[PDB]
Structure formats: C-alpha cells, structure tokens
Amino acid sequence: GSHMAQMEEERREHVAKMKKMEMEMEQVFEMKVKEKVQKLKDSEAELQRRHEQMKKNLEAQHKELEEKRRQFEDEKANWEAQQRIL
C-alpha cells in the first residue's frame, strides 16, 4: 500500500546514494594515494640531496689533505737531498 510505495521510493533513493558515495569516496582515496606517493618521493629526494652534499664535502676534505701531504713529502725530500754533505 502507501507505506510499501513510500519504502520502495526510499529504497530507490538509497541505491542511488550508495552509487554516488562509492564513486566519490573512490575519487578521495585516489587523491589521498597520489599525496602519499608524492610525500614518499620528496622524502627520498631530500635524503639523496643530503647524501650527495656530504659525499661532495668528503671528496673536498680528502683532496685538501692529499694536497697538504703531497707538498710536505716534496719539501722533506728536497731538504734531504740538500743535506747531503758528500
């Protein structure tokens, strides 16, 4: 009767509601995964930037030491050759 027809219209509205809800929730979830993927890419990029900076800093530190040692050995060998009395 009139209550069955009212409930049938409510049932129809519910079916349409679940369709829209699922579709829209899927769109929100996709944008959520898209944000998490970008956050993870940023994290790796920052850590690789820090690693490259420290790597280049260590190369400079090694080079400066190698230079000072090379000049010290050259000056010591020059001195030795100059101290030969005979």
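One rule holds for the numbers: they count along the sequence shown, beginning at 1.
Mean CA temperature factor is higher for 12 to 20 when stretches 12 to 20 and 66 to 74 are set side by side in the entry.
In the deposited entry, the Cα temperature factor of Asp42 places it in the lowest third of its chain's modelled residues. In the deposited entry, the Cα temperature factor of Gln48 sits in the middle third of values across the chain's modelled residues. Sort the modelled residues of the chain by CA B factor and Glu59 lands in the lowest third.
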